[PDB]
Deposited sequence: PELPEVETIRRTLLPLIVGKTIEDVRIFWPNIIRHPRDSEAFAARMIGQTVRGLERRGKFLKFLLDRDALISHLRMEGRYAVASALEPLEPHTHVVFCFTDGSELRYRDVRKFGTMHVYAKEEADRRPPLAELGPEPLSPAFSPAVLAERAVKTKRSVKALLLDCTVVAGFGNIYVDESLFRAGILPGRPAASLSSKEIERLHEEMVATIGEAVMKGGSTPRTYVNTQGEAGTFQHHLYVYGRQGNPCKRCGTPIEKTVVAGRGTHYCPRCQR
């Protein structure tokens, strides 16, 4: 799920788990657990804690319990569901939190690619994976000045910069390509080559693109098809190690 989808999950999951107390934690693929390194320690420490809140930082969900925060990343295909302990689990379920009320919060992922870290609440923000995470793209902390400061300092392309989680939190491949299209900027441009005007426009489009989604595609996945704005066929290349889509007329 992309950032807007993580926000929807955050909003919808909260009322379904708040105030429930963990009675067991069952782990079917231990590699999902990244901290504590022992998945037995992970399961043991959560028992007896009640869910108090649910926050989002980039694409991370932060489950707030009594003493601990559980930091979860779903990557592309991870999903959470709340359901009865009496009913069979869905395929690819890797972690289940059992509540004292007979309900369960289940984590499933065909790709088996997500991560979970648990730390004392007060430590979560200064440890992996949240440590060093850049500002929320919809917050005033993400400003053109901040984007411009990072851009001038680097030899990397503008796409590489935007994909950097220390620059801006959880701006995925799809939103990078769409925002660069809307800003009229080629994804392979050196970030240091952007004018003040271009940086301002890019920040504007980034906020608008994410903002609209949190609250429909021009280029992503549309290679070989006409640009919706000018009719030029959309092209795909590799930039920053990623599938990268652009209109060669609209973007420069």
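Unmodelled segment of the deposited chain, and the only one: 216-236.
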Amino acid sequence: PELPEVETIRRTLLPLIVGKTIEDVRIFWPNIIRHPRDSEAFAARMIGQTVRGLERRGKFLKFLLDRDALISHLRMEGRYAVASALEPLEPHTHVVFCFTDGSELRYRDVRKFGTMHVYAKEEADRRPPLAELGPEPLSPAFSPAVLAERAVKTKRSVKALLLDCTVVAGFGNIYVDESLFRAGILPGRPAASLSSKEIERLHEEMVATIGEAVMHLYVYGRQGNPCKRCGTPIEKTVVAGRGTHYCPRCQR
From here on, numbers count along this sequence of modelled residues.
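If you average the C-alpha B-factors over 166-174 and over 100-108, the higher value belongs to 166-174. According to the PDB record, 137-145 carries the higher mean C-alpha B-factor of the two stretches 137-145 and 116-124. Reading the B-factor column for the CA atoms of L74, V95, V152, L86 in the entry, the top value corresponds to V152. Comparing the C-alpha B-factors of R37, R52, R26, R56 in the entry, the top value falls on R37. Among all modelled residues in this chain, the alpha-carbon of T237 has a temperature factor (C-alpha) in the highest third. Among the modelled residues of the chain, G231 sits in the lowest third by CA temperature factor in this PDB entry. When all modelled residues of the chain are sorted by CA temperature factor, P15 is found within the middle third.
When the modelled residues of the chain are ordered by their C-alpha B factor, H216 lands in the highest third. Among the modelled residues of the chain, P30 sits in the middle third by CA temperature factor in this PDB entry.
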